[PDB]
Amino acid sequence: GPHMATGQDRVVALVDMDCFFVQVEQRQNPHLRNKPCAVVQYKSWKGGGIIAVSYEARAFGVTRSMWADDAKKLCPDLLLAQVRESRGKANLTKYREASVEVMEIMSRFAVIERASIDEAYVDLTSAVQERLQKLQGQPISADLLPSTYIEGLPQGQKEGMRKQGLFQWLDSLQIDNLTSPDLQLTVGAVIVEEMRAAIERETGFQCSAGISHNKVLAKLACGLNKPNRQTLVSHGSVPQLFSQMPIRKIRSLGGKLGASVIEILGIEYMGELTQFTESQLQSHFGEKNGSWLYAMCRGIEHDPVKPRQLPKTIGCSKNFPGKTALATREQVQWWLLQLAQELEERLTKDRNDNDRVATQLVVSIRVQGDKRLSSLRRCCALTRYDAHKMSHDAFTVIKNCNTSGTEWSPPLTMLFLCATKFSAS
DNA sequence: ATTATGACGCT
C-alpha cells in the first residue's frame, strides 16, 4: 500500500517527427505540402520502395515498406519525393541534418536521448520542477495546452472532445500540491507544447509527442493522437488503457517475445499481465524480461532517458537483392569502396562537428540464400579515416567467405560498414 | 525485391 512505489518520480516525453522524411522533402518542395505524398528509395524495381508516408497518403492505405507502383494503385494522385543517390546508394544526409536541427532545438528545453533519426526521448523531471517553482501555485490554463489530449478523458467534433477532456483534467487538478505526479505530468505537457512550438517555428517540422512517467508509456501515448498532437498518459489512466491494449503495441513486445507472451500465458492485452506474479513471469521469460513485464503492466518502467543527443555508431549499408547480388571480386571491392567513401565523408563531418573519433570498423555481409539478415559480422581496427584503407581492410576481413576457385560465391546480398567505439577527440 | 539504418541484449 503506502510502500508500493508507483514509478511516478519522472516526467518523460517521446517526440516523434510525423513522417519525418516526407516533412523534410515538403519543407524543401512546397508543391508537396498538404498533399498525399511519400518518400521512395530507388525507382527501377516496382517504382522504388516507399519508406515514409504523409498522413494524407496514409488515409489511402499507403504504408512504408510498399512498392511505389502499388502505392500509386491505392492513391493515383500520390506525389513522391526521392531519396538522394550517391556513389550508387541511398544517401540519407539531408534527413540526418534535418534531424540534428530538430534535436538541437529539443536540447534547449530538456536532456534528450536520440532513439532514432525521427524520434527522441526527453527527461523533463528537472525542467518541471523549475517550471513548478516559477509558477508558485498558479493554476494551469487550458490555453497553455492547445494540442494536448488527456487519455481516458472525457469520461461520464474531435477538437470539442479534446477540449472537454482537457477541461475535466484541469478542473480535477490540485495545483497547490507541487508533489502530485499528475501536476508534474501536466507541467511536462506544457513544456512539451512549448518545445513543439519552437520546433515548428524554427524548422517548420511538426511532431507528435507522448508525455507520461517513463519511456514505454511516453511512446505508447505519443502514438494515440497523431499527427501534430500530444497525449498525456497519467499513471491513473493505465488500467483502462492497458485493459484493451494489444501486447504487441508496447515497445519491445512487437516481435517474438510479445508473441511468446501471448501464446504461453494465453492472453491478448497488456493488462491481463497483472494477474501473474513476478516469479511466474520470470519463469516464463527470464529474470530481466519477467521483472520488466511485471512492472510494465502496472505502468512502471525504470529504463532511464540516456543523455545522448548523438548516434553511437555511423553506418553505411546496401542490400543487393535478387539478381543484383555481388558475384565478382571486382564488384565486392568497388562497392566496399563506395561504402567506405560515404563512411569516410560522414566520419570526417562527425569528428569536426562532435569532437570524437571512431576506433572500430564493423563489416557485415549477407550471402545469397542465407536465412539470417547478417550472415557475418567481423570487426577490425579503425585507425585512419581513409576510404581505401577501410575498404581494403573490410575485404581482408571478409574475403575468406568466397568459396570459388576472381569470382564471388555464394553471391553477396548485403554489404555493411559501421564505425563504432567512439572516443573523445 | 520493404531499405537503411540504429539501439540494445545474450553469451
Side-chain angles (χ1 to χ4, degrees), chain A residues 14 16-17 20-21 24 38-53 61-71 74 80 82-100 103 112-121 215-216 219 251-257 285-293 301 303-326 335 338-339 342-343 346-347 350 358 362 364-366 368-370 373-374 377 411-422:
Chain A
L14 183 273
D16 188 304
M17 321 305 313
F20 182 45
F21 286 28
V24 171
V39 171
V40 280
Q41 294 181 318
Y42 315 123
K43 208 87 200 39
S44 301
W45 185 270
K46 314 199 178 189
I50 288 177
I51 56 174
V53 195
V62 185
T63 77
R64 66 178 269 285
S65 276
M66 150 205 285
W67 295 121
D69 297 349
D70 294 334
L74 296 167
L80 300 175
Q82 247 189 281
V83 176
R84 174 185 293 130
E85 233 157 293
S86 294
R87 320 192 183 69
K89 65 179 293 301
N91 171 0
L92 305 176
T93 298
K94 192 193 310 186
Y95 320 105
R96 289 198 184 92
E97 290 179 351
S99 172
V100 161
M103 295 302 182
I112 70 150
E113 174 186 345
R114 179 201 205 274
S116 88
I117 186 162
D118 58 23
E119 79 195 359
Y121 293 91
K215 296 162 83 153
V216 160
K219 171 77 168 145
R251 158 153 92 52
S252 76
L253 300 185
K256 279 181 226 208
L257 171 67
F285 314 114
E287 158 191 317
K288 189 269 145 173
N289 289 335
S291 286
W292 185 87
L293 284 168
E301 202 236 357
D303 187 28
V305 176
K306 310 183 171 192
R308 189 193 67 244
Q309 203 194 323
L310 306 175
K312 182 163 327 185
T313 63
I314 296 188
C316 291
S317 161
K318 181 168 171 44
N319 294 353
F320 300 91
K323 63 93 162 174
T324 57
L326 318 187
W335 281 109
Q338 302 321 294
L339 287 196
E342 160 171 9
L343 189 57
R346 288 163 58 190
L347 279 169
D350 185 78
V362 172
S364 190
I365 66 82
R366 191 148 102 108
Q368 168 182 86
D370 184 319
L373 304 84
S374 179
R377 248 191 272 171
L412 301 191
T413 52
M414 182 261 288
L415 293 181
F416 178 73
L417 292 186
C418 192
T420 74
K421 265 60 179 321
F422 284 87

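Residue numbers start from 1 in every chain, and the chains themselves are labelled A, B, ... in the order their sequence lines are given, proteins ahead of strands.
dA1(B) atom P lies 19 Å from atom CE of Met66(A), rounded to whole Å. With rounding to whole Å, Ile50(A) atom CD1 is found 14 Å from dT3(B) atom P. Computed from coordinates, the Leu412(A) CG to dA1(B) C1' distance equals 17 Å when rounded to whole Å. Rounded to an integer number of Å, the gap from CG of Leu417(A) to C1' of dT3(B) is 16 Å. Computed from coordinates, the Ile51(A) CD1 to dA1(B) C1' distance equals 15 Å when rounded to whole Å. Atom pair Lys323(A):NZ and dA1(B):P shows a separation of 13 Å (rounding to whole Å applied). Taking atom CD1 of residue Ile112(A) and atom P of nucleotide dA7(B), one finds them 13 Å apart after rounding to whole Å.
Listed here is the closest heavy atom pair of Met414(A) and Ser364(A): SD-O, 3.5 Å.
When the side chain to side chain contact (heavy atoms under 4.5 Å, CB included) test is applied to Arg84(A), the partners found at least two apart in sequence or on another chain are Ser86(A), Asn91(A), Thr93(A), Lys94(A). The ring-ring contact (aromatic ring centres under 6.0 Å, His included) check on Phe285(A) picks up nothing, with sequence neighbours excluded. In terms of the side chain to side chain contact (heavy atoms under 4.5 Å, CB included) criterion, residue partners of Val40(A) (sequence neighbours excluded) are, by chain and number, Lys43(A), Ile50(A), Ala68(A), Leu80(A), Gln82(A).
Judged purely by atom type and a 3.5 angstrom limit, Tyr42(A) uses its side chain to pair as donor or acceptor with the backbone of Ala90(A).
Applying the salt bridge (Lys or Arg N to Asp or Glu O under 4.0 Å) test to residues at least two apart or on different chains, the pairs with a partner in residues 308-320 of chain A are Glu113(A)-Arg308(A).
Below 30°, between 30° and 60°, or above 60°: for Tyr95(A) and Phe21(A) the angle between ring planes is below 30°, a parallel geometry.
For the pair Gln41(A) and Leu92(A), the minimum side-chain heavy-atom distance is below 4.5 Å. In this structure the side chain of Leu326(A) reaches within 4.5 angstrom of the side chain of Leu415(A), judged on heavy atoms.
Within the 4.0 angstrom heavy-atom criterion, no nucleotide atom of any strand lies near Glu119(A). Contact annotation for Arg308(A): backbone-only contact, meaning every heavy-atom pair under 4.0 Å involves sugar-phosphate atoms and none involves a base. Among the atoms of the strands shown, base atoms are found under 4.0 Å from some heavy atom of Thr324(A).
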N/O to N/O distances under 3.5 Å, protein versus nucleotides 4-6 of chain B:
{"from": "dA4(B)", "atom 1": "OP1", "to": "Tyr42(A)", "atom 2": "OH", "distance (Å)": "2.6"}
{"from": "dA4(B)", "atom 1": "OP2", "to": "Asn319(A)", "atom 2": "N", "distance (Å)": "2.6"}
{"from": "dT5(B)", "atom 1": "OP1", "to": "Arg96(A)", "atom 2": "NH2", "distance (Å)": "2.8"}
{"from": "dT5(B)", "atom 1": "OP2", "to": "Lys89(A)", "atom 2": "NZ", "distance (Å)": "2.8"}
{"from": "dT5(B)", "atom 1": "OP2", "to": "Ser317(A)", "atom 2": "N", "distance (Å)": "3.0"}
{"from": "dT5(B)", "atom 1": "OP2", "to": "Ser317(A)", "atom 2": "O", "distance (Å)": "3.1"}
{"from": "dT5(B)", "atom 1": "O3'", "to": "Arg96(A)", "atom 2": "NH2", "distance (Å)": "3.3"}
{"from": "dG6(B)", "atom 1": "OP1", "to": "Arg96(A)", "atom 2": "NE", "distance (Å)": "3.1"}
{"from": "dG6(B)", "atom 1": "OP1", "to": "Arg346(A)", "atom 2": "NH2", "distance (Å)": "3.3"}
{"from": "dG6(B)", "atom 1": "OP2", "to": "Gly315(A)", "atom 2": "N", "distance (Å)": "2.8"}

Write out a two-atom table: protein N or O, nucleotide N or O from nucleotides 9-11 of chain B, distance below 3.5 Å.
none

